[PDB]
Structure formats: C-alpha cells, structure tokens
Amino acid sequence: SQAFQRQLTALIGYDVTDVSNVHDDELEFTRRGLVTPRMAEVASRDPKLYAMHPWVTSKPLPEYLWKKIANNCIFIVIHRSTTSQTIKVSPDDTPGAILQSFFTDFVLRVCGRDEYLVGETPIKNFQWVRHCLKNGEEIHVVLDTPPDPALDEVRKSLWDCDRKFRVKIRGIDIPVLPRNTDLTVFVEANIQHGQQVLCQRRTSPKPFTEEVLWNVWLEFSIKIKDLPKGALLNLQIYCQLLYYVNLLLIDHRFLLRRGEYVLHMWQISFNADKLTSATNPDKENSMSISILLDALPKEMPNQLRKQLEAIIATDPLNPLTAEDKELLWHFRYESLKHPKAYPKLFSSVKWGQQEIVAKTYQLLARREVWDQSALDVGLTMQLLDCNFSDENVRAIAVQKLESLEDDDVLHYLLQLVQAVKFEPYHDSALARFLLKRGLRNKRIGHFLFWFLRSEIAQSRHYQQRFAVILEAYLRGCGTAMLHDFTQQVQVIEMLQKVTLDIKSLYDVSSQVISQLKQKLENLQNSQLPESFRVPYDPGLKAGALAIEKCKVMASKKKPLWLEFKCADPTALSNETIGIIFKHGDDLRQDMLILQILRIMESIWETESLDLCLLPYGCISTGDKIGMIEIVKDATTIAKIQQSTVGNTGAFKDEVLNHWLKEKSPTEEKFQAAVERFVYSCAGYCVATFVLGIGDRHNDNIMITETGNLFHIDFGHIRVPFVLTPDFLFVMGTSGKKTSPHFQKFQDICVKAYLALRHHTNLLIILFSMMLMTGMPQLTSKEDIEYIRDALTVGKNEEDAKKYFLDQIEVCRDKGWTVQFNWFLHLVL
Ligand SMILES: CC(C)n1ncnc1-c1cc2c(s1)-c1ccc(C(N)=O)cc1OCC2
C-alpha cells in the first residue's frame, strides 16, 4: 500500500501525506472525514451502470430536433464484425425494446467511442443520439459484450466568555526586502465573515525593514461569544496593500484558536485567493507574521410589502442599504416565503452577534417553502459565493443541488469546483457533494479529476484543499479509471516537455520541423503509452501518433499541432484525432469562457432556440500549459482575408462568400453553410457582448468548411462585438441595405438576447464567480458591474431589443475601422 500512495501523488501533483505547510490537522481531519462519504458512494452505485456510464438527459427533445425526425422513425445501423443492418426505431423505444426488435448478454456500444446505450430511458433521451440529429449524422453502433463490473474494483464554552477578542502582534519578518528605499509599514488585523469586516484594528506605522517588532495587544470591539463559525482573522500589511494571511478563529473541531502562530504571507479587491486558510509554502522567501492567542456549542402594510418586494426583485449585484437590510430582517418570516429573497435576507444578518445567528438558525429550521420550491441554479449558486461564510446557509444550497441530474452537474461542474474556494473549511457540504457525484458517474469523475488537477498545478492558495478532495476521489473511482488517468498523465507530462523545449529553439524553420518529428519518434518508440483517453472527450480513445501530420504552429507561443490515430478499431471514419499543446497563456480562462458558452447553449435549449455555437475541448493541465481540440476543416477569418490581400490590411467584403462557394461542392451545401453562418454568427455576437469579450481581432475568430463560425483564444481577455462588412456580404447586405438573411439574423440575435435575459441572475452569478476564481487581473466592483448594463437589468423587452439593435448598427457604422486598428497593433 506504500507504492499506492506514491501512485496517487503522481496522479495529483501534490503529496497529501506531507505536513510541511500546516499549523493544524485540518487537511488530515478532512482526509479522514472524507473516508465516510467515499465508501458511502462506492458501496451504493450500480456496478454495471457505473462501468457503462449511460450519458442520458431527462430534458425534453427541443422543437428544432423534432423537425429532423420523419414518421417517428430513427434509423440506427447495428454492426456484427463485417455485416450491418439498419433498423426502424421509435423515439420512445428503450435500448432493450430495440434489442428484442433486432433478434425478431449483449450491449449496444458506439463505433470508435467508449460510449454505451443502456438504461431504462428512451432512445431520444441519450446525449449521443441528440448529437447525431443536430449534426445530421447517422447512428452507428457495434453489438458486443458489456464490460466486467469487476474491472472497477476499489482497493480495500465559547458562550460563557464575555471578553472582547484580542490578538498580540509580535512582529513581521522578511529575508530580503524589495529595492524600493524607503517606505513605512503597519499590520491591519480584520475579523471577516463572508467578505464582511466585523471589526478592524491597525498598528503604528514603523519603517519597512527585514525585521519589524510591535508586541502590541490589539483588542477588538467584538466579544468572544459573538464570534461565528467560519470567521477569519485576516492579517494584512500596508505601505498600498502588499502582504496578506488568514487564520480561522474557530477550528474544524468547533474550538476557539489558542497558541503561538508563525504564518507565511502571500504577496500582491474581489479575488478568491485573498480568502485562503492556507499559508505561503515558500518559507525562505515569503514575509512571516508572529501572533499570540489565549469550544463553540451548536400582517404587513401595503407600502412596506411593496418595498420588500422591490428589494427581492432587484439583481444579485444591486447593493443593500441599512434600511433594506433592517426591513428584510424585521420581516424575515415574510422574506422566508420568497425563495429569491434568501441571498439578500442572509446578507442582512448581523453575523457578529450570537443572538441574531441563533435566530437565523431558528429561521433556517422553518424550511418548508425552500424544500418544496423548484431548484433555481442561479439562486443556489448565489448562496455559495464569497458573501456566504455560514455552513447552515451554504448547506441549504448544497441541499438544492442534490436534485440536479448528472447531465446538469456536468454543465456547472467547473463553477461548483471553483466555488470550493469560497468555503471557510476544507471539509464542506459542497466538497462532499462533488465527491459523491464524481464517484456516481464516470464522466463527472473524469472531468472532476482534470478540474481539480488544473488548480493543484497552478494555484498554491488552494492546492492543499483540492489535493485532499482529489485523493478522496481517486481512492474510490476504481483501478480501471486509476490506470486511465495514469496513462493520460504520462502522455501529458511527456508532451508538455517537448512544447517548452521546442519553444526555446518567428518563422518555423526546417531544423525545428525535423527536431519535433525526431523528438516524437523517440517518444513513440517504447516510451509513450499505446492508448489513452482524450481529456476533453472521455469517449474518444487516442492511440499511435501521425508524425507526418505533426507540426509547430505559426504563433508567437510556438504551439504543437498533434494528430493521433484512433485506438478503437471499430471506428467508422479513419480521421485522426487532433490536439494542440500550448504554453504562455492561462488556459483556465479559456476553460471558463467555453463552459459558459455550453451553459448559454443549454439556456437557449430551454427556450427551444439553436444558436450554432462551437465550444471545442480545452483542458488546463499545468502552469500556463494545457490542451485544445482541433476542429476539423476550419480556418481563421484573417487567414481568408490574407489569401487575396496578404501583407496589407485592405479587407475586401466579397472574400468570405467566395471562400464558402469554393469549399462547398453543391449549391444546396453553400446555402446550408450560409444558414449555419447566420445562426453561428448570431449566437457568438450575443454571447461575446454579454461576457464583454466582443472587441476581438479576426485572427482569434474562425469558420468551418460547413459554415460554422466560432471564436477562439480567450486567454488574452471600440465595438460591442464583431460584425464586419465581409460577414454582412454573406447575408447579402452592403452599407445601408436589407436582406432576407439579415432580417433573419436580427430576429435570431434579439430572440437569443432576450432568452439569456430570462436567466439574468444565473449569468450575473456565473460571471461574478468567474472574475474572482479565474481572473486574477479583473477583481474590481466596476469589472463585475459591466454584465448588468450588457443584459439591460430592470428594462422592458422592447427597450432591450432596441438597445442590442443599436449595438448591431455601431458595428455597421464602424465597418472595418476596428479590424484596421487591430492590424496596426497585433500584426504591426
Ligand atoms: C493560439 C491558439 C493556439 N489557441 N489558443 C487558444 N485557443 C487556440 C486555438 C483554438 C482552436 C484552434 S487554435 C484551431 C486552429 C486551427 C485549426 C485548423 N483546422 O486548422 C483548428 C483549430 O481548432 C479549433 C480551436
């Protein structure tokens, strides 16, 4: 079992057994505490269904997907070695009903993929079947024996103390101070509880040197009994803010913090990193702080109702005044009747007062309206952010998450994993929920692994917490997945080495081309594993490389264009699997944007609208390094303009429509490509403006030979969005004109915009969370408050329609002005 821990450490990228960077047993208690829910999920899941992981959705089949089916008949081609027979199938027919219709144990598995069609669910309720219908692809399956479930085998009093809390600041120690000579420094100790300061105490500004002592006893205005569970002693250093460290006043065992503490401090408003209980690991270079500390038990009038209702109606970013807070609390039993009032009501609570917390806990016990109400993701996500530090408030949100089908868990997984950063303690209801859903489904578990792993590799603030959560997962997923992750980690480690070695060696010379091909030759010849699962697509199995097709892309960060043969021999097409390995940009920023685009698609699915978005695979694997999916038969918009006019930016309107006519053979395929372009442009115009990533150079915008348009490279981040005259010519418009396709485009854009406006609260919370956990540069109140204006908060459907149509005209009025200005900066 000693070699097993060594295996886990290699799969995590962090040692959970290491106690070099702790001042308490929280992580070890969490490791022990997670054993119970781990073994509780392993010994409760269906062993057969877990091995086959049926990717199913209980959501209704949309209006656009029903029109594709003929006489309630879906053709599915079943394969037997060489022979194949197409069968007429009803959408309501279960996989078992189709099997009895074939012969008149064996399971139906997709050709080329490790995706199975099992379970008591209709054929139309499968995610692969819905994908085939959307792309107009034919359903091909191979009849083979189900996988052995034996392969997934798993290895066997505080309220008695009226004293006003005090902290002794002994002093600060830094080995080497920066060259800036000379400034003054003071210690700012704050008692926080969900980004809310309960009390603040500063020190006398002494000069900044390698050693600064104080011995100062800082007494706070808050009593020891009034300190809540999850409150943080935030120790800061100002000149302005340079060093920070946090300490949980109440431990994981409900005890008040007592003793001597030497904490190593992080260097430099809404950032998730400023909340961490973890100290800086680099003890030989980081600023230190010495402190001294010397068990917690478990009818309204008309005008006022209108006031309370107007408060509940406001957006999540709308600030609450003292009057608003006092009203929500006085009428807390009326506020409990409205589930949308819960975030605002729980922000109105005076957490620094015991009696109020007790009354809040009494209020939370009266949960009946909350338990019965329909799950609102945006509302549930609101209670899991930086503004909520109470485990009872946070648990009622985790309670509502339990009703999410494995389909929707995948939609919000990244953001739920990022929400763990807002948890005061390592062991939390949300951490246990992710673990439970990760062991219940192989797909969620695979994605959870990479989501946690991406954070362990490039975040010292949260690497310890996530390493415990991952170790807990890896100790219950099974040896089948354990070996798969081993093969995936091995290939990634080997390929990342080559990416940086090649980058060290503007133009792509013949020397570097042969060097990469030689490096890949040495790796394929007895070193690289024969087969590995694609991190961005668990179904797809990659095998041997295609060294001939392998190259180094003509980009400033020298990315590796890699092509692999499909390891699955039952594969239909002989098309290679394409992966891009890149270093230099934060791919976590691309992971977040792309997952939001997948959320935006599912939002449009509820309104039965299909905006042809292309949220390609992108997984962050390490520090500034990760992988991308190669979208087959696609080119850059700038590259299409470079065919006619290369070196210069004399952009011609006709080029795009000529490129589509060239790549599409039949005239019907051209109209189908223009039809795909009409929807894809519409979706990407709305999605980009809402997120405020509209202003882009056409080098970062792509199109497929099938007509599908898509934005790329979000690692970087005037016009509201990108609507150029060349895009408008495909529609059939030039200058001040109209077209049957432009009239269509304007109608779909407005349909898409107002469809997202129904899920305003969801988008606002997902965006607010994105800027805190994934954007270390965009951490201001004004940065988050952009989404409100973009989505037109508190506006009529007519005004909002008119607002977006004006943004369309701004792009028409500018035309090429923005792209031409982009050409004078990025290119030259
Ligand atoms: C600058 C590149 C490496 N980058 N940084 C973030 N995302 C990307 C890319 C995404 C995609 C790219 S590059 C792409 C480029 C060319 C082809 C192609 N077919 O030539 C296919 C591609 O995959 C789709 C997304």
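In UniProt numbering, the protein residues as written are 147 to 250, 269 to 320, 353 to 435, 459 to 487, 496 to 521, 528 to 531, 546 to 752, 757 to 968, 982 to 1092.
By construction, the Cβ of each residue, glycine as well, lies at the ideal position given by its N, Cα and C atoms.
Straight-line gap, residue i to residue j (C-alpha atoms, nearest Å)
i	j	result
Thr-1081	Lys-890	18 Å
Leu-429	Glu-172	16 Å
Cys-1075	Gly-945	11 Å
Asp-990	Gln-1083	12 Å
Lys-920	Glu-926	10 Å
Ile-888	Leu-848	20 Å
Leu-461	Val-393	19 Å
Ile-287	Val-202	9 Å
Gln-388	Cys-395	8 Å
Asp-521	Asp-1053	50 Å
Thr-380	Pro-403	4 Å
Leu-502	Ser-166	21 Å
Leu-475	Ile-433	24 Å
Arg-477	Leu-519	8 Å
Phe-248	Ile-233	8 Å
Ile-798	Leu-771	7 Å
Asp-654	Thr-228	34 Å
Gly-1058	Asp-841	30 Å
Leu-466	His-585	35 Å
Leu-195	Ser-636	37 Å
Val-896	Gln-766	33 Å
For residue i, the residue or residues it bridges with in DSSP
i	result
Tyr-659	Note: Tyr-659 sits in no beta bridge, so no partner.
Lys-234	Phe-221
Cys-869	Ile-879
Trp-812	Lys-802, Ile-831
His-483	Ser-515
residue 1112	Absent from the structure is residue 1112, since the part of the chain shown begins at 147 and ends at 1092.
Neighbourhood of residue i by C-beta distance below 7 Å, restricted to the same chain and skipping five residues each side
i	result
residue 134	Look at the range of the chain in this structure, 147 to 1092, and you will see that residue 134 is not part of it.
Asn-512	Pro-371
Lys-647	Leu-622, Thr-627
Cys-863	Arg-927, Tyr-930, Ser-931, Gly-934, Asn-959
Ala-714	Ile-158, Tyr-160, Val-162, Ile-703
Selection from the options that minimises the alpha carbon distance to residue i
i	options	result
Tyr-463	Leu-431, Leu-774, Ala-666	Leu-431
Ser-353	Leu-423, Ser-190, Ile-365	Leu-423
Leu-843	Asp-861, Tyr-867, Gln-291	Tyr-867
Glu-479	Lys-194, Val-363, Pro-193	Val-363
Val-1014	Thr-997, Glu-858, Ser-496, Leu-960	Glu-858
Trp-617	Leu-157, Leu-631, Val-745, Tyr-589	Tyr-589
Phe-593	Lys-553, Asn-634, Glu-615, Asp-841	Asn-634
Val-383	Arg-700, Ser-400, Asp-884, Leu-373	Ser-400
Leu-1042	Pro-241, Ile-952, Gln-459, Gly-966	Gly-966
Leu-1069	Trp-1086, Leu-1030, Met-1039, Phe-1006	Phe-1006
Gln-151	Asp-316, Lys-421, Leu-729	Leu-729
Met-878	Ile-870, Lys-421, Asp-884	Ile-870
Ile-881	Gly-625, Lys-903, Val-785	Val-785
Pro-237	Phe-578, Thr-228, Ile-220	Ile-220
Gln-391	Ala-427, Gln-766, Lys-912	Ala-427
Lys-591	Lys-572, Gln-600, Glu-652, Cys-817	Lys-572
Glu-615	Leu-583, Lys-194, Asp-192, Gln-1071	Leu-583
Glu-209	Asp-1011, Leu-1055, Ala-1019, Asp-861	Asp-861
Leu-482	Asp-269, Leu-823, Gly-367, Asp-192	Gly-367
Same chain, Cβ closer than 8 Å to residue i, five either side skipped, listed in chain order
i	result
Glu-1046	none
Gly-1079	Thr-988, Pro-989
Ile-716	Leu-180, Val-667, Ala-678, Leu-681, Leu-682, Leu-699
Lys-808	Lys-750, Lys-833, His-834, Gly-835, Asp-836
Own chain, CB closer than 6 Å to residue i, minus 5 neighbours either side, in chain order
i	result
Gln-705	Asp-874
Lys-800	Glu-814
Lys-597	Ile-603
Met-514	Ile-370, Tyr-462, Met-484
residue 542	Coordinates for residue 542 are lacking, as the chain steps from 531 to 546 with nothing built in between.
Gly-829	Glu-814, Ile-881
8 Å Cβ cutoff, residue i in contact with chain D
i	result
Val-381	Absence of chain D from the displayed structure is noted, only one protein chain being present.
Distance cut-off 7 Å: residue i Cβ against heavy atoms of ligand 3
i	result
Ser-931	Ligand 3 is absent from the structure shown, which contains only ligand 1.
Task: Length at least 4, wholly inside the stretch 772-810: the alpha helix (DSSP H) runs in chain order - done: none
Secondary structure, alpha helix (DSSP H): runs of 4+ residues fully inside the stretch 876-952: 888-895, 906-914, 918-942
What runs of the alpha helix (DSSP H), each 4 residues or longer, lie entirely inside the stretch 546-606? 549-560, 569-577, 579-582, 589-594
If we require 3 or more residues per run, which beta strand (DSSP E) segments fall completely within the stretch 609-641?
none
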